[PDB]
């Protein structure tokens, strides 16, 4: 503390970077998220606090489309999250322009994690206050899902959660048996887990932003049709 | 052509423990002479001289820049320049302007500060060194100096006969060319003295 | 003050920032062992996987920088990946500028020079990750080197990095002092028993990931579950 | 050029092995030009080694 | 200018003429067209002499620095790559045609470097204005895995043919033979062209060459 | 109170610059005395450890141009770069005008660069003050003293060393313009150096002196070697002995 | 700020801390003999795990310039790389002078990027330079902030004071032949704690023929009969 947690370039006496240790606290404080790799795809899901009913239908959505087959579910400081999503979109576009075809998810996650590490390495710039999952599917490489901490590195996840209640979500995620369940029931189950996570116990009403990618969508990461997934929300309510 | 814009003819030859550098003293545009006392032989040291041939403006610019670099190097080191090192410095200075070359063909003539070993070399416009032990020349009529030297030069020559041979070659060459002449300056460098002579030349 | 806050020389005549980064390598809870043998060099590090929701396929700390050089990383994972990317870029750039493949010692020297530039100046900070890189080199046999956050690139025969690196180095010093060369069975077994004595869990053949570079067979073999299980069975026999 | 001093060392070793005293004494008195032609330390230690070997076995207390 | 090289059994033999001409007039009769790079590799030059000299000196300096940094012997492939990058960066403005030869830990190598940056590895290489004659001599009298003396003789024959069949080349033969353990420069190896003696004392004694004025500045 | 270099004081003083200039007095000792047909510099060799070889041939005295020479009295790190820049400026003027640079112009350029260093940016002032002796066509022999503040001065007898006050007092007491010659200037310089150096009978090794003289249309800057210096010391010792005994 | 900095009234505090750091613990003695210069240092590796033929303390900058150093070895690597580049650039500019001893003074002078442009944090290594391409040898020392000193015999280790005292008492002298390396090893012995061996001691010699880092064979040969 004191003089060591002032700039990211200052190492702790024990050998730690306290700026990122505090940036992780913003992710821990912001709303939670969940992403599950189904048998033939990856299903996302994020609850979003409607801080006031003055807002329209779900805006500043935690889900983003960084590429044609790749989607990003982010939590934490949302402005820097959107800036990082723009960075990821630019990286995917550059890779498609240079090497053709579609950017593999592992390489995209590695590059964006390296960019985040570059931002947390120096002193003038500050570490990003956001953690996100990158999910994509392809016929060749199946379904992948990588999660990036505000300072850490991408890690392969069968199913991951980040935000306010990580352990509470992860317990039921590990309770759920993935790797053999189709993405439909996985949408139902991610909605169920999010509603199991507390929504109105001490906060306002929450909206359910759920994303899709898989062979059922032949790649092409898109937001699940909310009109037909309201019944999945109803099953989650029960 | 361009190298023959202002004329010029510079000679350098080797004797026995002595060197000799000579050059015409004519400056002028294509056809006319402007002055008969133009300087093309410049002393880089007590026993080391340089001769330049080409555009007179490029002659003076190369001389001034080389003097600047040489003075800086002498101040940095404190020991006198070796003629091989100065030829190298000239070569680098010329090559620094590879695509904008100074249209000059410098030659080096002098003695080692300690061993008193004669050293004569020539350089092209780009800066290729041509180190030999008999003679080098430059200018519009370099072929004439070659033709004269290939029969008037003798190895291990006394400084007096070296001066006689260099004077004969320069006078005949500036007589047989159309752009250079009207006076020949010659410097004889020995281990202890410098002999500067202005030859009796056809002023036309 | 700020002697211990920025990369500046201390009044006592020391550099505290890199001294803190070296302990940052200890932070993270991991260890690695590198053993050079008669003809091969093997590196093994534990694979600490919390919960199975992670993909054990990609949680590794060892990578292929080029076709013949493999590294293992100890410390913070972000800086580790950044230095791995830098090493791969350096190897590719060396192969482009110079036809022959980059020697492992030269790659370690370049990485250590980058780290020394990092500990120089004050705008940036040193990367808290210690890299041990191995590779077969002609006219040199197996070669193992370590580049640290300071920039001191060295290490040979038996070298370890991590939290309990001192105990592993002591045991490997005892082993190398025992004058007997290790073939391509004894080197791997020596590394495995070193890491097992450091952290006594009997090393179920899923929590470690060993990289091997031999002379007759080049390339950085990341040995699979079957190979590590066979080596463990042979050792515990 | 240093092979000669190797021969001197080789000769001294055999003289010590056999136990010769007069021959070793003559050799020590003869090698002085070679002692003052090489490195001072190397010549000095060669002198010490030859002297110690000479004083080892043959106990000429009136001559040592 | 005529330079050539061959890969013999134990290494490389390089040959070159020593005629540096300005246009159509001979300027240098002993111009060293074989340039040292590293104690195991040499390289012959052709084309613009100044550009060739500067390029080869830069490559030699960089490769000496590289060898000092690595602590090992340098490699012919590395020198080729450096030369190719440097020349292709300038897109042939460096009018330098080079013949690189050397001995590495992987075996002797011989390469041809073109001003535009083209390179290739060949058992025998010829370059320069009179390159055609030396290439023909090789094609007629080349045998793979040919011994040291025979390789030297073949290179000498090719250089001599280039000298006597190209007017802008010759006046000496410069040779270098290199192997795993031998680096031997030969300088003038054979002088097939000797200047005839000057008949009569064609010299000028003192008293002639009337001088207008003379200045004497004695030194220490 | 001190801070980043480009500051002032509540009174309005540049206390960083003043501190640096006072620190120049600490360590090093050089003095310059101007006389007719020759101006000379005297320098005190600080470290005379027997383990040196004295191959640089000059430590305090630096030849900066054909017609001038300087002597630094500050930290050597800035002294080297300042001497290099001064030689570069002199040779640039020589290239531009094809004429030796006047001493005043050279000193003004150097003090301008020092004023710039102490003026703008977060850069340290050049902690070095140096003398200059030289000859020109306009003013003949000249002597100048420049401080790290960038405010040079045209002097004729000055010292810049540790006991600079004592040395300048000794100069003022025993300085006579007009009557002064090169030999008398040598005698005065050796006497004042003996005064400012506590150990009497100064060795020729601990004192380095250089004299600039005007030969026939050419400036010669000769550094006095050991034998000539100790001969001057012997003559000075004879003078001191005669003066002391004649009372 | 971004240069050599932190100079209060009458002091160079940051430079003084750098000089305290370069006190180090590696003696790295240097002796300028009549025939040449010997730079000998101590390689006391921690345990036997480290190697001695892998990393070196003596680096040949060019044909006859050898270099030995002091504390902060990682800084020394960058410094010697810069010195090699600078010497190579000088040799390329002034082509073919075989510049070693007419360059040793020059390369020491161009060791101004070494400290006069410190780079925020000054270098923490003092280095000794040897060169003999002038008919005479040269030994120079560049410190973390100063410049060439032109030593004849000195040490830059933890016991550099007593090492220099041993050098002067043992009379480094002027008539000493090239084999003053024995005296250099003896001076190391005073600042050495152990039975020094061929791999434990690294020494390079620079004579008029050139510079050469002595292999462990000759180092052990010299260490024999000591």
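Computed values, structure above
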read-out: Calculated FRET value between residue A:101 and residue A:216, using beta carbons and R₀ = 35 Å, to 0.05; value: 0.95
read-out: Cα-based Rg of chain B normalised by 2.2 N^0.38 Å, two decimals; value: 0.94
read-out: Mean separation of Cα contacts under 8 Å, 6 or more apart, over the residue count of chain F: relative contact order %; value: 26
read-out: Rounded, prolate or oblate (a/c below 1.5 giving rounded, otherwise prolate when a/b exceeds b/c) for segment A:88-179 by Cα gyration tensor; value: oblate
read-out: Gyration tensor verdict on segment E:2-190 (Cα atoms; rounded if a/c is under 1.5, prolate if a/b is larger than b/c, oblate otherwise); value: oblate
read-out: For chain C, convex hull volume per residue from C-alpha positions, Å³; value: 146
read-out: Alpha carbon Rg of chain F, scaled by the compact-globule rule 2.2 N^0.38 Å; value: 1.04
read-out: Coarse-grained scattering of segment A:156-238 at q = 0.12 Å⁻¹, given as base-10 log I(q)/I(0) from a Debye sum over alpha-carbon atoms; value: -0.37
read-out: For peptides A:94-104, B:4-14, sequence by mean Cβ density within 10 Å, most packed first; value: B:4-14, A:94-104
read-out: Most fluctuating residue given options B:132, B:104, B:115, as computed from a GNM of chain B linking Cα atoms under 10 Å; value: B:115
read-out: Fluctuation leader among C:110, C:14, C:221 - chain C, Gaussian network, Cα springs under 10 angstrom; value: C:14
read-out: Chain G, helix-only ellipticity at 222 nm - DSSP H runs n ≥ 4, -39,500 (n - 2.57), divided by all residues, nearest 500; value: -9000 deg cm²/dmol
read-out: FRET efficiency for residue C:173 and residue D:21, using Cβ-Cβ distance with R0 set to 35 Å, rounded to 0.05; value: 0.10
read-out: Tensor-based shape of segment F:108-203 (alpha-carbon gyration tensor, a/c under 1.5 rounded, otherwise prolate or oblate); value: oblate
read-out: Listed residues C:25, C:132, C:208, most fluctuating in chain C (Gaussian network, C-alpha, under 10 Å); value: C:208
read-out: Degrees separating the helix A:105-121 axis from the principal Cα axis of chain A, which is the longest one; value: 30
read-out: Cα centroid of segment G:26-41 to Cα centroid of segment F:18-61, whole Å; value: 29
read-out: Over segment E:121-220 - Rg/Rh using Cα atoms and the Kirkwood inverse-distance radius; value: 1.28
read-out: Burial ranking of peptide ranges G:22-33, C:170-181 (average Cβ count within 10 Å, highest at the top); value: G:22-33, C:170-181
read-out: Partner chain coverage, peptide G:47-58 - average Cβ within 10 angstrom; value: 6
read-out: Angle between chain E longest axis and helix E:76-90 axis [Cα atoms, degrees, rounded to 10]; value: 70
read-out: At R0 = 25 Å, FRET efficiency that the Cβ-Cβ distance of residue D:56 and residue G:224 yields, to 0.05; value: 0.80
read-out: Over segment E:26-156, relative contact order from alpha-carbon pairs under 8 Å, at least 6 apart, %; value: 20
read-out: Separation of alpha-carbon centers, segment F:114-137 and segment A:178-238, rounded to whole Å; value: 74
read-out: For chain D, alpha-carbon Rg and Dmax in angstrom; value: 11.6, 37
read-out: When the protein assembly as shown is reduced to its Cα atoms, the Kirkwood hydrodynamic radius in Å; value: 37.9
read-out: Rel. contact order, % - alpha carbon contacts under 8 angstrom, at least six apart, chain G; value: 32
read-out: Overall Cα dimensions of segment E:58-157 - principal axes, largest extent first, Å; value: 41, 33, 17
read-out: Average partner coverage of C:121-129, which counts Cβ from other chains inside 10 Å; value: 5
read-out: Centroid-to-centroid separation of segment D:37-53 and segment A:73-90 [C-alpha atoms, Å]; value: 80
read-out: Radius of gyration and Dmax over the Cα atoms of chain A, both given in Å; value: 17.8, 55
read-out: Dimensions in Å of chain G - Rg and Dmax from alpha carbons; value: 17.0, 53
read-out: Most to least packed among C:193-201, F:81-89, A:144-152 [average Cβ atoms within 10 Å]; value: A:144-152, F:81-89, C:193-201
read-out: Between helix F:103-119 and chain F: long-axis angle, C-alpha atoms, 0 to 90°, nearest 10; value: 40
read-out: MRE, 222 nm, helices only [DSSP H, n ≥ 4, -39500 (n - 2.57), over chain B, to nearest 500]; value: -10500 deg cm²/dmol
read-out: Shielding by other protein chains, C:138-149, mean Cβ within 10 Å; value: 2
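For neighbour counting, all protein chains shown are included, and Cβ atoms are generated from backbone atoms with ideal geometry for every residue, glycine included. Quick note: the coordinates plus some simple rules give every number you see, no bench work behind them.
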